[PDB]
Amino acid sequence: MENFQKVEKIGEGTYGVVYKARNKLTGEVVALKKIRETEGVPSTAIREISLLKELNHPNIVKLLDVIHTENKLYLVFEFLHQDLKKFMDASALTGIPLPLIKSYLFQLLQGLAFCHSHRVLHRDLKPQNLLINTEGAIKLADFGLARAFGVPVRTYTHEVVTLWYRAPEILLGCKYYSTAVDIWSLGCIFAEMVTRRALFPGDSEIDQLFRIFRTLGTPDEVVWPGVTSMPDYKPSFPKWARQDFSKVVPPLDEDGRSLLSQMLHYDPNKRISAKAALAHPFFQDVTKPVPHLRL
Ligand SMILES: O=C(O)c1ccc(Nc2nccc(Nc3ccccc3Cl)n2)cc1
């Protein structure tokens, strides 16, 4: 748009591309996400997204504006320094120090508990949409998109969506999501920060499902009442026994593993809430370290 000196392309999300951009008049640097079906844009999603502008929390990336013009919809966000995905890549030889991992998890749970208390769900959480700054904060970006817009497959044209963070109830085709889907994704991210490998790097929907099954055991009616009646459930699923859990995130102490196991419960009703998670003993010693960021 005319308004920006549009510095660069930041990345490509499920719902659209992100640019770093400078406002010519004001000089403020912002993150610009262009959404896109493109029939002209739904009114219903416009009000719902516009509503998100009222979210203010230290752990949520601020949505500054929502601009509908032409067939495109632009979300203008405050600009943060780096995404968690790039930071994890850069930390791969050493590892993110545990106190910083714990600090990030704590903050992210706070951001989720805030959103969830406001009845806003993410439903797309992943390292690419977690943003960090030089002072140790971490923030969730891109809430409320899948609820307002409905969930397509790709952004617009031919992108490979990440399945790695999808909750099992989603993979099994449940129509109604709950806040528990975000706890699941956060659990996957937590595990990935600790081990420096994705916990469940599925190639396809079924590979993703079966990777979860091989690790946590194939769910049944005992651990997950109602599971066998879900729309994509097949009695033909192989039956894998659950893995010893100390094999899943070995570096983690027992507090971390117990918290992680509660974030990974099959049954969304037994899965821990962000609010209860914040009270877990894992966070007794939580501090706020400063990351080393190469910008
Ligand atoms: O790669 C890098 O060096 C890099 C990645 C991200 C950076 N900042 C930033 N701030 C805010 C948001 C955002 N993305 C975003 C915007 C809208 C919706 C979702 C997302 Cl993830 N990105 C800066 C550098």
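Residue numbering for chain A follows Swiss-Prot, covering 1-36, 40-298 in order.
Header says: X-ray crystallography, 2.1 Å.
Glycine is treated like the rest: Cβ placed from N, Cα and C.
In this structure, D127 (active site, proton acceptor) belongs to neither helix nor strand by DSSP; it is coil. Within the same chain, the residues at least 6 positions away from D127 (active site, proton acceptor) whose Cβ sits under 8 Å from its Cβ are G13, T14, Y15, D145, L148, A149, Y168, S188, listed in sequence order. Annotation source Swiss-Prot lists active site, proton acceptor at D127.
Taken residue by residue with DSSP, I10 (ATP binding site) is part of a strand. Close to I10 (ATP binding site) in the fold, though at least 6 residues off in sequence, lie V18, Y19, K20, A31, each with a CB less than 8 Å from its CB. The ATP binding site annotation in Swiss-Prot covers 10-18, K33, 81-83, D86, 129-132, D145, and the record cites experimental evidence as its basis.
Residues or ranges marked as Mg(2+) binding site in Swiss-Prot: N132, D145. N132 (Mg(2+) binding site) carries a helical DSSP state (H, G or I).
Counting only residues at least six positions away in the same chain, the Cβ atoms of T72, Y77 sit under 8 Å from the Cβ of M1 (N-acetylmethionine). Positions annotated as N-acetylmethionine by Swiss-Prot, on the basis of a large-scale study or a structure entry: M1.
Of all Cβ atoms in the shown protein chains, 13 besides its own fall within 10 Å of the Cβ of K6 (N6-acetyllysine). The annotation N6-acetyllysine is assigned in Swiss-Prot to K6 on the grounds of a large-scale study or a structure entry.
Marked as phosphothreonine by Swiss-Prot: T14 (among others). A simple way to gauge crowding: the CB of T14 (phosphothreonine) has 21 other CB atoms within 10 angstroms, across all the protein chains here.
Taken residue by residue with DSSP, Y15 (phosphotyrosine) is part of neither helix nor strand, so it is coil. Here Swiss-Prot flags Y15 (among others) as phosphotyrosine, drawing on experimental evidence.
What Swiss-Prot records for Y19 (among others) is phosphotyrosine, and it gives a large-scale study or a structure entry as the kind of evidence. A simple way to gauge crowding: the CB of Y19 (phosphotyrosine) has 17 other CB atoms within 10 angstroms, across all the protein chains here.
In sequence order, the list of same-chain residues 6 or more apart from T160 (phosphothreonine) whose Cβ falls under 8 Å from its Cβ is empty. Residues annotated as phosphothreonine in Swiss-Prot: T160 (among others).
Swiss-Prot lists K9 (among others) with the feature site 'CDK7 binding'. For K9 (site 'CDK7 binding'), the same-chain residues that are 6 or more apart in sequence and have a Cβ closer than 8 Å to its Cβ are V17, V18, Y19, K20.
Summarising the annotation, Swiss-Prot assigns site 'CDK7 binding' to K88, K89 (among others). Counting every protein chain shown, 16 other Cβ atoms lie within 10 Å of the Cβ of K89 (site 'CDK7 binding').
Taken from Swiss-Prot, the feature site 'CDK7 binding' applies to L166 (among others), supported by experimental evidence. Long-range neighbours of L166 (site 'CDK7 binding') (same chain, six or more residues apart, CB within less than 8 Å of its CB): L174, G205, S207, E208, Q211.
Taking all protein chains in view, 22 other C-beta atoms sit within 10 angstroms of the C-beta of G16 (ATP binding site). Taking a Cβ cut-off of under 6 Å from any atom of ligand 1, the recorded positions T14, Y19, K33, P130, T160 reduce to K33.
Note: the Cα of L83 (ATP binding site) and the Cα of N132 (Mg(2+) binding site) are spaced 11 Å from each other.
Looking at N132 (Mg(2+) binding site) and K88 (site 'CDK7 binding'), their Cα atoms lie 8 Å from each other.
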